[PDB]
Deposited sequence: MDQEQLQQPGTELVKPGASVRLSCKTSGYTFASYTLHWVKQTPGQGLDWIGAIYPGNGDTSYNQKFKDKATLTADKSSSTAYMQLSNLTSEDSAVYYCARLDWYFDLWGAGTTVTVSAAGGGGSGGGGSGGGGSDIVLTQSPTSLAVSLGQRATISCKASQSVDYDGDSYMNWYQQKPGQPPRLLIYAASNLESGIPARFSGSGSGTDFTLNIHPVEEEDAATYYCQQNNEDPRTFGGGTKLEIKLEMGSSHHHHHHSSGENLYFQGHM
């Protein structure tokens, strides 16, 4: 099967550099763009940049242009991201992924822990945490600072990350369930306003949910909503 394999942890000093690896298998490495994404508790997910492995071409979010360097090694089907001049603000989890919905694939992420004891579109999620009883409804809003529609399609997806598991696509283009996603999930919305609904909620639905837009560069994500089960 198709896999993106990333090391679990890197424990690193301020001021050093670290190289993160993403070993791919199961498909032709050279033919699909790979993207790197930073996750933190307060800021949700941040798109770092992308590489086309076939030729090594790269694109970077302006905010990461000095911090990250993406490379690819066709001989080992492995992509790498170097993070330079590490600071405490680099502590985070970093994922490699195929982000276009039709090819959705995520690595499990590398935690980078920097340790020393001593006009982008903004997406706002509401609420940012909620507890819902088994059998009841969860409803989560995502609102964009500008329209994410083109030609009557909404270039917005929802992602789910269950505890201990990689993120995965949940709904694409506002209202379409990804293959294998249960019927109790539904998405609505257009323009700047989108809503995820889950009913009836089951235990397996405890997760962090993120919206994402890909109408304009850079791709951006909401800060995440953590759904837990309200024990009765």
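A.B. asks: Note down, first to last, the deposited-sequence stretches for which the model contains no C-alpha atom.
C.D. replies: No coordinates exist for the deposited residues in 1 to 2, 121 to 133, 248 to 269, so these stretches are absent from the model.
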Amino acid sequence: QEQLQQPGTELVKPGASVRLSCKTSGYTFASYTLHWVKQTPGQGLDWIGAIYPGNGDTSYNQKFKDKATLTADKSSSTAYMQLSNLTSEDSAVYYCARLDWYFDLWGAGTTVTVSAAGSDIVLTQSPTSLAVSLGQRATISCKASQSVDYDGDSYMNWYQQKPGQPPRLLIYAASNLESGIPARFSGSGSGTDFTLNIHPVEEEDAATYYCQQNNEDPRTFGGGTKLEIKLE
From here on, numbers count along this sequence of modelled residues.
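A.B. asks: Between 147 to 155 and 93 to 101, point out the one with the higher average CA B-factor as the PDB entry records it.
C.D. replies: Between 147 to 155 and 93 to 101, it is 147 to 155.
A.B. asks: Quick one: higher average CA temperature factor, 29 to 37 or 61 to 69?
C.D. replies: Mean B over CA atoms: larger for 61 to 69.
A.B. asks: By its CA B factor, does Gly15 count among the lowest, middle or highest third of the modelled residues in the chain?
C.D. replies: Tercile = highest for this residue's CA B-factor.
A.B. asks: Tell me, lowest, middle or highest third: where does the Cα B factor of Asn214 rank within its chain?
C.D. replies: Its C-alpha B-factor, which the entry lists for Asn214, ranks in the lowest third among residues of this chain.
A.B. asks: When the modelled residues of the chain are sorted by Cα temperature factor, does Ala131 land in the lowest, middle or highest third?
C.D. replies: Answer is middle: the recorded C-alpha B-factor places it there.
A.B. asks: Which third of the chain holds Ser119 when residues are ordered by C-alpha B factor: lowest, middle or highest?
C.D. replies: Ranked within chain, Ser119 CA B lands in the highest tercile.
A.B. asks: With respect to C-alpha B-factor, does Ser75 fall in the lowest, middle or highest third of the chain as deposited?
C.D. replies: As the PDB entry reports it, the C-alpha B-factor of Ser75 lands in the highest third of its chain.
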